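[1] sequence plus experimental coordinates follow:
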Amino acid sequence: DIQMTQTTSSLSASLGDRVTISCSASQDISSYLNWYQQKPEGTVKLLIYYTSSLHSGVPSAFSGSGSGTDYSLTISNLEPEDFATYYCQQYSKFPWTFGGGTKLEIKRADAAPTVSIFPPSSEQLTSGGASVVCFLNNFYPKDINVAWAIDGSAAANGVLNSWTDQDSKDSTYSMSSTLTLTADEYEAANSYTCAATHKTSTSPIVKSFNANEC
Amino acid sequence: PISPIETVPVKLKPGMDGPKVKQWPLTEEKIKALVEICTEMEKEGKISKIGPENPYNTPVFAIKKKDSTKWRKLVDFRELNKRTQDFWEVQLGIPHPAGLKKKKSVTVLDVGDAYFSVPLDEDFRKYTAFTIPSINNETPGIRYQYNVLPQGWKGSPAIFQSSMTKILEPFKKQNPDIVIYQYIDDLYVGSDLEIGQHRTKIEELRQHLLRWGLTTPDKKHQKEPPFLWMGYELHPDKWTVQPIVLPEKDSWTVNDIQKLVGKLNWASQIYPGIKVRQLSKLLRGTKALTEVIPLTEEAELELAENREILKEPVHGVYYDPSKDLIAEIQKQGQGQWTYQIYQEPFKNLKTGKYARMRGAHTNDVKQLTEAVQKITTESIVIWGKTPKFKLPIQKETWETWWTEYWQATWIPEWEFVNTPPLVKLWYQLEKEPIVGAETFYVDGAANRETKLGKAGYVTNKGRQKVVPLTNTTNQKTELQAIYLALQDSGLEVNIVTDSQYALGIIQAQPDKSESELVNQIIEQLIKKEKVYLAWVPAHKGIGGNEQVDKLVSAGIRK
Amino acid sequence: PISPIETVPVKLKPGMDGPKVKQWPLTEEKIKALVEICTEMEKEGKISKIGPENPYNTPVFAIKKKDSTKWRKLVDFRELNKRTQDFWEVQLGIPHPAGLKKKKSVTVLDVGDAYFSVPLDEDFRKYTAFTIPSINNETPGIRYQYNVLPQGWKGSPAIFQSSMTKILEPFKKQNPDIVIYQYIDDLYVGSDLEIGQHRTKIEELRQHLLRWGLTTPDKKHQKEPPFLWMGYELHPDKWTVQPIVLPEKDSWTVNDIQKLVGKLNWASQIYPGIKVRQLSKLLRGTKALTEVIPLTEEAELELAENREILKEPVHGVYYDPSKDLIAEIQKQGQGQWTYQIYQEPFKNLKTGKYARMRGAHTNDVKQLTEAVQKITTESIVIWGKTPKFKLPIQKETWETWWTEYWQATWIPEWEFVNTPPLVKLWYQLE
Amino acid sequence: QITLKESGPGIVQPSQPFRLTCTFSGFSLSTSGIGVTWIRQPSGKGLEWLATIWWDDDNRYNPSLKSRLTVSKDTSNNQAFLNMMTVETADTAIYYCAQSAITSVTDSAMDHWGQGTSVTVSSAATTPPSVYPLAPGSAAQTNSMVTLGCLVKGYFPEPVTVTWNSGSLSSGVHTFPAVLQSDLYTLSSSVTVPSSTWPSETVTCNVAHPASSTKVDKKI
DNA sequence: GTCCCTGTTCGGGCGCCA
DNA sequence: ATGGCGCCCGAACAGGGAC
């Protein structure tokens, strides 16, 4: 039962970049590690065993090295198949343990998200449902945040939201939170706002609306 | 009574026959004495009259030296023992407290009449006979054969043992908590049982042992603190052999020497490290019984130093498995090596020396190396466990020692200790023939008849030197010839020999040697700043060599 | 309940009062085990207690073997074997196979028990007597005797053959694409087939021996971290002779050349096309070895000439069963070691190097032992028999530690001896 | 080459047990270094080792699971299995089965895997979706580019497809994986079309939910 | 065919136990 | 009164190197 660690959870390089990944155990393991790469399409393939013996089939571009309780996985130049989560595996003390893999995302010149806030529909409202959404899309660093807040800057209870993967196209990303309040509240509170704040221009990108019509 | 244990058969060695030996006429009062004796022996069942067809005879005598409980009338079964078969003795040595662990209560029993308690193999009995003589009247004599184990028959020893065991066995099967170290006719018994409970068992035993014919005589041990055992004074926590008394008035006749020496050797169990070699030397030479060496002055030091050690009241504590085993050794004199096996610091388990002068030329590492092993084996025997080791010598030291030494040698787990005259190698030949020094070229030789010959050298620098001598050999010569070039060096030197022998004797890196010459050759190496040495064949005429040979002999030397 | 088979008469070579060797001490860890295993053998009826009355004796010892079976009892019948006369059915019933050495893999089975069924001459028995000892000598030694066949003894495999063979008889006719050799307690089986298949077919033979007259083998353990069992397999083919002999002095100095020629000289004893003289000349005259770089390209013609001779197979190998076998081990450099085998001096039949075992288990002896073992095995597979061992270790020493690492079911003959540089000339060929 | 596919329930009410089967096609579970492993990859979490069934029959379970974990393998038909009891939420994940094999004296890896298997834990049962359109409303058409979307709240069985205008729109769309609202899935996805286009020609979010076999079409 | 070294084993005296 | 065991000197032995 070893403590496996992949420090740099994820990183963003570019085509041709040479990348190195740091794998750490909690005791000497003696070249007893393996490197798997999970494809975003879920699949999971074996690259190298014995910490450096290349698995027949993996592109030479991949190379093994490491020792003691600190080991390393690396590739020479980037080609779009490799941008994946790479997992480190030990086979020493039977409680075989995979360290938390490392995502290998593409690097793209940042950009501000196009934000959109949508009001609640009569269609739903008339049944009690009072859901509100705010589409924050195509922005560069995943790193970002939204602040759902009604007159009185509070991130009220009813915040559901998820972000996509790196659109293998424009390499950007996008998320979307949803405010859920009762019609009683949709009626009560006046305005409703979405506060997106990104590594844009020290700017709190905000969109809002006011209409408590039932 | 007698033990009904199935008797062990015992043949006579293939070839020989029974011991028939004329019984010379003993003294008058003795006759009757011996008689009065046998009689008792008879009703006892120890013996019986025999038929006039057992011709085999062995001499007998008797003599009760002034004692009540004691009476003497012994036989000299020499010719018989000389004739009887050899059986494999049973014994991997005696015990020792050091291995003996600890129990809440203990006892020490001795079964009486042991020998005479086991019956003799009926068959072989025919031999163990004897004639007790008479005076005039009944012109004819009395014959008696042994029906049990004879008091001086090689058999008996082991016999009694093997027997006594079988007896103890089931009881052992019955109480796997009580402990019993059987020794010939002596039973040390122990177990962690409340003194009362402990009591019921011993008796239980006593009854059983006695039941099999083994009397459990009143010479039983109860007085806890003082337990007379195997010579060791066994205490509820410490062990010791108080009888550590010594003789000194005699200190002269060889025996007296040999007496002390051993006493020491003997007392070497817990009395920390002593040097007997000092005196032992004085024990060598003339082994003439009456002669009395007096180099006593020379070893005075040892005698007294030890004397005072033997003065200081020591003791050994008991073995505990919960803890672990270890032993540290120190170097006393050149050969003097001693250790100490303890589990806890100043409380010692057992001590002991060592001085094996192994090879004809052996260095100081070998010594410790060897030293350690004696500890090992011994310890194995005492605890069936290898103890860790505290040895006087650094790491890089023992390391290089082997790294260079082209011959397997190792040591079980050991840690470093910085204290006594730390062991280390003195001189050490250099790797590559260093530059900036003269490449000498040695040689030497002689002839069986000569007993005389020369031994010298040259130097790339044309220089030479030669030296004839006597009372040596082709071997000594070649070895001697090393000495010169050595002597005539300084800060460095490239030596060249063709003699593996000497060559080897040196490579080993020898700390000493009974031989002066080679011992001397050491000191120079000990002195010099750098030495090196290479080997070259002889009769193939190689290097300046061809010149040194003729230099040493014009087909022969002067 | 031993088999009702009649009994083979065994009366050792004449003027041989059997053995009388003594029992070296043994560790706790050993006693206990050796005891247990020794005791239930008494129960089944295999062994019987005896006392002092028996003059004869031999030594025994545990050996914690890494596997599902308990430790193993071991009896040094070495001397016994020596005393016991010659048996035809031995050689006869146990002849050596060639193709044997020629295979993709070979395995080894501890098939001792087989001997447990067949009995043993009532008389010849006293010559097997051994003795288990105790810590601190709590009690005296306790000795036993073998009633049936003792595990490890010339005479033993010698007899059981009939049985041994016919049992195997099916397996062969069943598929003779594998071969088998018997050597005392051991069964040597080799299949040129694929490892897994080989390993499986091996396992077959197991079960077979099981159903047949309860011949039960060990069951070597197998695990996940540093996978030793994966190697248990024995694949010879890749077994070349110690081709370690070189030099390439691009500016040979007095020493370099001198040294070397002292070496080349000794080689003349094995090899014929040897010429030390040419270089001996480049060396002629009391020169300063130190630093003198007497570069000589004249002799270069005969220096690369000896090389041809050193590069090939020494034509002379004339193996002879009628003669004994021998082996020298040399501590040539830290880590690695050397073996050379022959019957006739400087006329070796094969050579080699057991090197480091890539494990932090640093221990001179351990290796030496390991050496002899792997050396032996190797020899067994070839000419069959077992070489004597000129041991590069001091007696007292070797003794106190060899048991702790041994692992065979036999123990070859060894002797101790000192070493000169003659062979240290890396040219291990003694 | 050798491969293997796993199979099971996909959906299981909490506090119950389940059986996953891995059917392989290459090696056999009778060879010295072969073996089959079981791994579980959670919602976003990494790779956890459940256990590994070995050829000689030496099985090793996770110390944190063995207790409620058990394996097997009908050798004869190249089928190993995993059994997990009293399955609580967490356990809900994509389990995989990989061919592990001891290559050599120093090597043992999961040479071959096979797209895991979803297994969801939930009391909840088959529910149709509650689809709602997301219009610009109040803030009418301003920029020459506009975003539109759809609210899919109230469905249970995970799978649910939806596109725009019968797949016509594929150019500028974003769709996001739903989250466990009230032990139910709520999803939304948006589109952005050039001004001229929407105020003019119609746009439609069209959702599909297999299990509730409900189809639907929400315009504007 | 031989001396040379050298590394072992006894015998041996001895203290120690039974 | 014969067995064992370990020390500490000699005496004699046998086997690699070698004239």
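    That came through, no problem. Numbers count the residues shown, from 1 in each chain, chains lettered A, B, ... in the order given.
[2] the residue nearest to residue A:175 when sequence neighbours are not counted: what's it in contact with?
    The shortest distance from residue A:175 to any non-neighbouring residue, by CB to CB, 6 or more residues apart in numbering or on different chains, is to residue A:163 (3.6 Å). Where you see a C-beta, it was placed from the backbone N, CA and C, and this is true even at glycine. Shown in contact with residue A:163 (CB atoms under 8 Å, 6 or more residues apart in numbering or on different chains): A:142, A:173, A:174, A:175, A:176, D:176.
[3] which of those sits closest to chain C?
    residue A:142 (38.8 Å; CB to the nearest CB).
[4] got the contact list for that closest one?
    Shown in contact with residue A:142 (CB under 8 Å, 6+ apart): A:163, A:166, A:173.
[5] check residue B:232 too.
    So residue B:232 contacts B:97, B:239, B:240, B:241 (CB under 8 Å, 6+ apart).
[6] beta partners for it?
    Taking DSSP bridges, one finds residue B:229 as the beta-bridge partners of residue B:232.
[7] where's it relative to chain C, distance?
    According to CB to the nearest CB, to the nearest Å, residue B:232 and chain C sit 13 Å apart.
[8] quick one: that residue and residue B:95, what's the gap?
    Applying CB to CB, to the nearest Å, the value for residue B:232 to residue B:95 is 9 Å.
[9] likewise for residue D:79?
    To residue B:95, residue D:79 is 64 Å away according to CB to CB.
[10] how about residue C:391, phi and psi?
    phi -90, psi 120 (degrees, to the nearest 10).
[11] do a quick rundown of the helices in chain A.
    Using DSSP state H, the helices assigned to chain A run over residues A:122-125, A:183-188.
[12] for these, give me a markdown table that also has mean neighbour count.
    Shown next, in a markdown table, are the helices of chain A (neighbours: other CB atoms under 10 Å in any protein chain shown):
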| stretch | mean neighbour count |
| --- | --- |
| helix A:122-125 | 16 |
| helix A:183-188 | 15 |
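[13] just put those in a markdown table and tack on distance to residue C:10.
    A markdown table is the format used below for those (distance: least, CB to CB, whole Å):
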| stretch | distance to residue C:10 |
| --- | --- |
| helix A:122-125 | 103 |
| helix A:183-188 | 105 |
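[14] quick one on the thing from earlier: ok, residue D:79 and residue B:95, which is more surrounded?
    Neighbours were tallied for residue D:79 and for residue B:95 using other CB atoms under 10 Å in any protein chain shown; the higher tally belongs to residue B:95 (22 against 17).
[15] which SS state does that one fall under?
    Under DSSP: H, G, I helix; E, B strand; the rest coil, residue B:95 falls in the coil class.
[16] so what's residue C:202 up against?
    So residue C:202 contacts C:107, C:189, C:191 (CB under 8 Å, 6+ apart).
[17] let's see that with 10 Å instead.
    Residues counted as contacts of residue C:202 (CB atoms under 10 Å, 6 or more residues apart in numbering or on different chains) are C:105, C:106, C:107, C:108, C:109, C:178, C:189, C:190, C:191, C:217, C:233.
[18] what parts of chain A come near DNA strand E?
    Neighbours of DNA strand E within chain A, by CB under 7 Å from any atom of the strand: none found.
[19] phi, psi for the residue in chain A that DNA strand E sits nearest to please.
    Of all residues in chain A, residue A:30 sits closest to DNA strand E, at 40.0 Å by CB to the nearest atom of the strand. Main-chain torsions, residue A:30, degrees, to the nearest 10: phi 70, psi 60.
[20] same check on residue B:184?
    Main-chain torsions, residue B:184, degrees, to the nearest 10: phi 60, psi -100.
[21] quick check: chain neighbours aside, which residue is closest to it?
    Residue B:184 sits nearest to residue B:161 (CB to CB, 6+ apart), 6.3 Å away.
[22] show me what from the stretch 401-550 of chain B comes close to chain D.
    Counting by CB under 10 Å from any CB of the partner chain, no position of the stretch 401-550 of chain B is adjacent to chain D.
[23] which parts of the stretch 401-550 of chain B are helices?
    B:474-487, B:500-507, B:516-527, B:545-552 (DSSP state H, counting those that start in this stretch).
[24] check whether the longest one contacts chain C.
    Read that as helix B:474-487. No - applying CB under 10 Å from any CB, one finds helix B:474-487 out of contact with chain C, separated by at least 13.4 Å.
[25] pull that helix out as PDB, backbone CA atoms only.
    Presented in PDB, the C-alpha positions along helix B:474-487 are these (Å, rounded to 0.1, in the frame of the first residue of the first chain):
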ATOM      1  CA  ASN B 474      66.700 -21.300  -2.900                       C
ATOM      2  CA  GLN B 475      63.500 -20.100  -1.300                       C
ATOM      3  CA  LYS B 476      65.000 -18.200   1.500                       C
ATOM      4  CA  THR B 477      67.500 -16.700  -0.900                       C
ATOM      5  CA  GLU B 478      64.900 -15.300  -3.200                       C
ATOM      6  CA  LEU B 479      63.000 -14.000  -0.200                       C
ATOM      7  CA  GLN B 480      66.200 -12.600   1.400                       C
ATOM      8  CA  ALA B 481      67.200 -10.900  -1.900                       C
ATOM      9  CA  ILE B 482      63.900  -8.900  -1.500                       C
ATOM     10  CA  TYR B 483      65.200  -7.400   1.700                       C
ATOM     11  CA  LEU B 484      68.100  -5.600   0.100                       C
ATOM     12  CA  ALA B 485      66.500  -3.600  -2.600                       C
ATOM     13  CA  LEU B 486      63.900  -2.800  -0.100                       C
ATOM     14  CA  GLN B 487      66.400  -1.600   2.400                       C
END
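[26] give the buried residues for it.
    B:474, B:476, B:477, B:478, B:479, B:480, B:481, B:482, B:483, B:484, B:485, B:486 (16 or more other CB atoms under 10 Å in any protein chain shown).
[27] tilt between that helix and helix B:500-507?
    For helix B:474-487 against helix B:500-507, the angle by axes from the mean of the first three to the mean of the last three CA atoms, to 10 degrees is 50 degrees.
[28] this completes my enquiry, with thanks.
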